[PDB]
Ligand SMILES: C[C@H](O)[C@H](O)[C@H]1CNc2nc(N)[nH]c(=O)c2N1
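In structure tokens, the next block holds one chain alone, the form solved without 5,6,7,8-tetrahydrobiopterin (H4B).
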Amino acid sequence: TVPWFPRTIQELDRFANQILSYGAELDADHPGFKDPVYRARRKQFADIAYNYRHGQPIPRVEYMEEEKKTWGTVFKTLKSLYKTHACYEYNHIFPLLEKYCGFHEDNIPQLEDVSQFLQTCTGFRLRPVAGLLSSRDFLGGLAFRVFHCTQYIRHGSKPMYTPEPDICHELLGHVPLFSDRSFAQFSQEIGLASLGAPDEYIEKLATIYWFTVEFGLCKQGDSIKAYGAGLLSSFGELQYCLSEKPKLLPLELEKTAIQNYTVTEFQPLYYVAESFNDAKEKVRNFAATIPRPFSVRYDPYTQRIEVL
């Protein structure tokens, strides 16, 4: 058989019933495990995500001073590195995010505002996400240019550390790239490749995603820059990834897809993309090899997937 995949953008609403119900914040190892206020706060964000329905504005939340402080620390510390380490596309849009979205040390941007901004740039939109989505579900949303993103913030005890994605990672790592048409197209291609793909292929796609959207490096001029969300929101690794230490291989989906990675240490190797358009073409071809009984196409006019 073939696994269920949404056919219209509203159908993404079914994902809320298939997330991991036991958050990382319930783990004794989590920095905010013994913090009842944090736990309660996380539950509050989970409830907002859980009741969210497509088409509604994403609820605005008043962040606590403590939360603003953490955001402020992370923002200030990472910003110094962007002009020199981030890809051109990241740097070109950041000033605009600062202007229209309130990306500033004293203010955590509201997802609704950021969503509206992405929509006018590439038609990308955000949806608050409760817990951990399956790889299939997370990737599927990309087909509709929908990014599921966290609204909560990491525990304030370790501002430069997070065992999971949090709002700092989403806003400083993902968002800027989604403002670029080429990257948006590339991302969506990964999304389309997964609709109805068998589980073992979803895993290959998840691995390509990891080495591109999360930890990708790209050629720029005669230089190399970071575009991976995991690198752009990590002070340590962003500096490391462009040093002499890591091994850099050229993006080759045949191999990238089978590659193993760590999730607790810096990556021993990165794949470098020629451009986002090139990467998109590579995904397109690769998707051609996924044993799927049909072909999919997205109709931006009606926001529906067309099964051919």
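We number the residues from 1 along the sequence you see. Take the two forms, superpose them, and find the largest set of C-alpha atoms that agree within 1.5 Å; that set is the rigid core.
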Between 66 to 74 and 252 to 260, which has its CA atoms farther from the current form in 8 other deposited structures of this protein, using a rigid core superposition? 252 to 260
With everything overlaid on the rigid core, name the stretch, 292 to 300 or 12 to 20, whose CA atoms wander farther on average in 8 other deposited structures of this protein. 12 to 20
On average, which has the higher Cα B-factor in the deposited entry, 95 to 103 or 122 to 130? 95 to 103
As the entry reports it, the stretch among 66 to 74 and 269 to 277 with higher mean C-alpha B factor is 269 to 277
Highest recorded Cα temperature factor - choice among 58, 253, 40, 46: 253
Tell me, lowest, middle or highest third: where does the Cα B factor of residue 83 rank within its chain? middle
In terms of the CA temperature factor given in the entry, to which third of its chain does residue 222 belong: lowest, middle or highest? highest
So where's residue 157 on the chain's Cα temperature factor ranking, which third? highest
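Below: the form solved in complex with 5,6,7,8-tetrahydrobiopterin (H4B), not depicted.
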Open or blocked: 5,6,7,8-tetrahydrobiopterin (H4B) superposed from its pose in the deposited complex, cut-off 2.4 Å to backbone or C-beta: open
Whether 129, 133 and 170 all lie within 4.5 angstroms of 5,6,7,8-tetrahydrobiopterin (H4B) in the deposited complex by heavy atom: yes
Please run the contact check for residue 225 against 5,6,7,8-tetrahydrobiopterin (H4B) in the deposited complex: heavy atoms, 4.5 angstroms, yes or no? no
Against 5,6,7,8-tetrahydrobiopterin (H4B) in the deposited complex, would residue 214 count as a contact residue? Criterion: heavy atoms within 4.5 Å. yes
Though only this chain appears here, would residue 193 touch 5,6,7,8-tetrahydrobiopterin (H4B) in the deposited complex if you measure heavy atom gaps against 4.5 Å? no
Does at least one non-hydrogen atom of residue 86 fall within 4.5 angstroms of 5,6,7,8-tetrahydrobiopterin (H4B) in the deposited complex? no
Note which of 117, 209, 201, 94 lies within 4.5 Å of 5,6,7,8-tetrahydrobiopterin (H4B) in the deposited complex, where distance is taken over heavy atoms; exactly one does. 209
Consider the chain as shown here, without its partner, and state which of 139, 218, 175, 108 has a heavy atom within 4.5 Å of 5,6,7,8-tetrahydrobiopterin (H4B) in the deposited complex. 139
Out of 162 to 170, 117 to 125, 97 to 105, 179 to 187, where are the residues with a heavy atom within 4.5 Å of 5,6,7,8-tetrahydrobiopterin (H4B) in the deposited complex? 162 to 170
